[PDB]
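First comes the structure, then the notes that go with it.
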Amino acid sequence: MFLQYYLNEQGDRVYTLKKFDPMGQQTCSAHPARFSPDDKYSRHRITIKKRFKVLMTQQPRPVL
Amino acid sequence: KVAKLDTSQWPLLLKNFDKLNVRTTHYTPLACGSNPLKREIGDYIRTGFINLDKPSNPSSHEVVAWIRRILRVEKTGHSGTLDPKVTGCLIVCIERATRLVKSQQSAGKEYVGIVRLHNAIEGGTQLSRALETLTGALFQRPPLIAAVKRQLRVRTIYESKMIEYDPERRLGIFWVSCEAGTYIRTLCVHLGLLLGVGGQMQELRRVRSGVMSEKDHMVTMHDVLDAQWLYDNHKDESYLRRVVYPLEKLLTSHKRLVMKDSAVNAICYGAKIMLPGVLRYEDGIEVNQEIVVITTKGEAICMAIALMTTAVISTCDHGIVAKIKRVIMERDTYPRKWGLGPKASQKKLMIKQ
Amino acid sequence: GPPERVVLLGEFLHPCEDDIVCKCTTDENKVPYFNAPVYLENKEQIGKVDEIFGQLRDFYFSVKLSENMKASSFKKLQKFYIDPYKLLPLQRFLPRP
Amino acid sequence: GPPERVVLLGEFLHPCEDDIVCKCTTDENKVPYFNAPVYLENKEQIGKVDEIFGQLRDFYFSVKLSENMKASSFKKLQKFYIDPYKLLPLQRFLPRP
Amino acid sequence: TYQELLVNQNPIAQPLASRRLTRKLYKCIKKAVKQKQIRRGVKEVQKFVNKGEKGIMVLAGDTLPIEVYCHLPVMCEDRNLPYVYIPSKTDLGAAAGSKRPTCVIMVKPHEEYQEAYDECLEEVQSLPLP
RNA sequence: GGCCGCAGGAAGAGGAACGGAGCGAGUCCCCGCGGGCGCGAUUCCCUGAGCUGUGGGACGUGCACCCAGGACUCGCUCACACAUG
């Protein structure tokens with residue numbers, strides 16, 4: 001849809017309409033991916049998120 | 001290594017516990033509870049919530065229905081409705097965390113939306129001024145439902161900000177901080193009337209729900225499904241323990257009152273919080289104020305209403321510190337240890353003798 | 001029919017998409033009923049109150065005009081009047097003591 | 001709820017079969033609505049207007065009393081008050097020009 | 001120009017095609033679109049990988065969020081289908097004669113461009129795997 | 001500061017379970033929720049200037065959603081707890 005964003009230097013979302021940020025990188029869509037409850041590709045997403053070290057379990061653990 | 005950690009780095013409701021006022025340091029510990037982060041995965045989910053990033057097609061009641069299929073639980077609540085096409089922060093409380101839903105639903109929200117204007121304006125400054133006009137306590141007509149005309153009502157907008165404006169498409173991003181139950185679709189209509197050109201809310205996203213935001217701990221519906229799958233097929237809790245968080249994370253703003261292990265079960269059965277069982281108590285407890293009562297392991301026992309101030313607790317030696325509002329913890333998590341104390345023993349002895 | 005008397009409701013600001021936006025200036029900051037008939041001082045009905053918006057003590061209202069009326073007709077700071085019975089006190093919308 | 005103000009409706013005459021007959025004394029000889037709430041000057045509802053009868057310019061009305069009220073309570077020439085919006089002008093009942 | 005698009009790549013966008021291989025893949029897509037022998041959406045590509053239709057699956061390496069298409073790499077590895085990433089989604093759409101972008105295309109084999117298809121296929125299978 | 005009048009008191013300061021909880025029901029509050037999801041066949045159609053391939057539609061078809069809370073009121077269960085130096 002219309003809302004895009006890019007991250008500033010302290011990790012906050014900076015919302016914008018424009019497809020490119022002030023440093024020339026592409027802006028992400030603000031909205032998450034569309035979900036289906038009948039999705040059967042859980043194995044597949046874990047498989048390659050593990051491979052490229054971007055699964056949620058492999059990130060730095062949050063400070064609570 | 002816990003000995004090296006400063007008390008400011010202790011988790012959840014035990015954070016900065018040394019800066020609470022100490023009534024007494026002595027009690028008898030009991031091997032009953034756990035720290036909320038180390039609850040057995042079943043109990044962890046039943047006392048937990050999800051900071052969900054809601055997708056853009058389904059209704060908010062459909063989303064929490066999907067969560068309760070996946071996790072295989074009987075009860076969920078959801079911190080205020082997002083309309084089917086709206087995304088963003090939706091705190092989904094699971095099972096025993098549904099006792100907190102009123103506190104989450106009544107909390108202050110934040111939104112990032114797009115208003116589309118129906119004719120050209122002078123520039124971005126003109127839209128920025130119309131937003132300043134619609135700050136503070138505003139009139140808003142609640143929409144018609146089942147042909148029941150709800151009356152005009154007041155809702156506060158704390159802050160507003162004009163983030164960007166595009167004169168080509170006549171689109172303007174706005175950020176709004178506001179009271180619960182504010183209609184942002186209605187705000188964009190009023191913003192259009194005030195400019196004179198007309199307008200509609202093109203798009204919306206909720207970026208904050210009280211204590212939780214999109215900045216940290218937020219997860220998508222795929223993570224929820226994916227984490228459950230990993231637990232079902234490989235018996236790995238790791239992913240679920242990053243999707244679900246314990247309900248104590250929702251209560252970190254409240255003033256705390258730490259209780260002895262003897263008192264815990266009594267309070268779960270519906271006893272009033274008495275002063276002989278208080279170990280520690282926070283600065284800035286007022287009368288008729290909602291406080292969280294916790295164990296020495298940082299578990300939430302109940303939401304309580306304080307009948308003594310901080311200063312009053314310091315002077316007295318007995319009596320009702322607080323009454324229960326809602327009990328969070330189950331009965332018989334801790335054993336029954338009431339009636340064993342000196343004055344209570346003397347009472348029972350002198351009745352018998 | 002035409003009411004016995006009418007009280008000052010508000011003054012004309014800019015038009016907006018074939019209805020007229022008006023700053024509310026009632027005595028005691030009273031609030032009009034939804035779909036309350038709006039009159040000129042001659043007791044001729046120009047329209048009905050559609051929207052009510054803005055801050056509690058400085059609020060506006062739009063007027064959905066009548067069949068025969070046009071939004072171009074009205075001048076700046078032209079006053080409009082309402083039947084005093086379909087006003088409500090501000091205290092109703094303020095919080096309970 | 002309780003109205004913002006109340007105008008003089010009429011004065012107490014004799015009771016009649018557990019409701020109260022009252023001589024109407026309105027300004028401009030205005031006529032009350034049927035089942036219009038009748039108040040005392042303290043803005044407490046005593047009953048509702050049941051009957052309206054007599055000559056046009058010297059008319060009476062009976063008041064069907066409230067659940068808690070009794071017809072013995074009221075004294076002679078005690079005044080009663082009505083919400084001014086559920087009055088009508090006498091001209092309505094007078095013939096068309 | 002190519003090195004500027006390399007900033008926008010995903011965490012999961014490997015193996016990325018070489019600058020010349022990217023050019024070969026676009027020219028193969030143009031010929032396949034003319035012959036009516038491609039599939040464009042995730043919706044489509046997912047459907048025909050399930051049916052077991054063979055082809056080179058070309059992915060856009062700047063697709064975000066990754067959840068929309070990150071299941072497809074493993075769907076290919078289950079069936080031994082050859083897949084490869086390319087720098088941008090806009091150019092992948094532009095290769096198929098479209099102004100709007102697309103995150104994935106599957107090129108089917110055909111007689112009219114069989115030699116170009118085999119040249120691309122050979123280099124795709126030869127890529128180093130992460 | 002002083003004087004007069006009216007009104008409230010004529011006060012020794014008590015009480016280490018008071019009078020609670022958890023469920024269920026009825027009634028209010030909350031309450032923009034036919035839409036959402038999947039598969040099938042003529043690649044099911046479609047890069048529409050129509051949103052749209054990170055999705056839009058047609059026809060078959062199936063599927064799961066429309067609560068959870070709070071307040072008042074009348075039940076059932078568990079306690080009636082001053083927290084063991």
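Ordered as shown in the structure tokens, chains take letters A, B, and onward, while each chain numbers its residues from 1 and ligands are numbered from 1 in the order shown.
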Check every residue of chain B for an atom within 6 Å of chain C, counting only C-alpha atoms, and provide those that qualify as a PyMOL selection string. chain B and resi 134+137-139+196
Any idea which chain A residues end up within 12 Å of chain F if we count only C-alpha atoms (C1' of nucleotides), as a ChimeraX atom specification please? /A:1,28-29,31-40
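Put simply, atom CA of residue B:220 is 10.6 Å away from atom CA of residue B:87.
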Would you pick out the contacts of residue B:297 at 7 Å or less, using only C-alpha atoms (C1' of nucleotides), so that residues sharing its chain but fewer than 3 positions from it are not included, and give the list as a list in words? residues 33, 34 and 35 of chain B
Take the residues from that selection and write them out as a JSON list (two decimals), in the first residue's frame, keeping N, CA, C and O atoms.
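As written to disk, result_9.json reads:
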[["chain", "number", "residue", "atom", "x", "y", "z"],
["B", 33, "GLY", "N", 7.31, -21.31, 43.43],
["B", 33, "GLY", "CA", 7.23, -20.54, 42.20],
["B", 33, "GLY", "C", 8.49, -20.69, 41.36],
["B", 33, "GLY", "O", 9.47, -21.33, 41.75],
["B", 34, "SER", "N", 8.44, -20.07, 40.18],
["B", 34, "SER", "CA", 9.60, -19.81, 39.34],
["B", 34, "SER", "C", 9.61, -18.33, 38.98],
["B", 34, "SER", "O", 8.60, -17.65, 39.18],
["B", 35, "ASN", "N", 10.74, -17.84, 38.45],
["B", 35, "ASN", "CA", 10.76, -16.55, 37.78],
["B", 35, "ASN", "C", 9.83, -16.64, 36.57],
["B", 35, "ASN", "O", 9.89, -17.64, 35.86]]
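With only C-alpha atoms as the atoms that count, the minimum distance from chain D to the choices C:18, C:11, C:44, C:83 is reached by C:83.
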Can you tell me, as a PyMOL selection string, which residues in stretch 34-159 of chain B count as strand (DSSP E) by DSSP? chain B and resi 48-54+76-77+87-94+109-117+136-140+153-159
Can you work out which residues from chain A touch chain E at a cut-off of 7 Å (counting only C-alpha atoms) and hand them back as a VMD selection string? chain A and resid 25 to 26 28 33 41 44 to 45 52
One decimal, Å: what's the distance from atom CA of residue B:12 over to atom CA of residue B:258, could you say? 13.4 Å
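Distance criterion 9 Å to chain C, applied with only C-alpha atoms, yields residues 4, 84, 85 and 89 of chain D on chain D.
Proximity ranking of F:73, F:82, F:40, F:65 relative to chain E places F:40 first, based on only C-alpha atoms (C1' of nucleotides).
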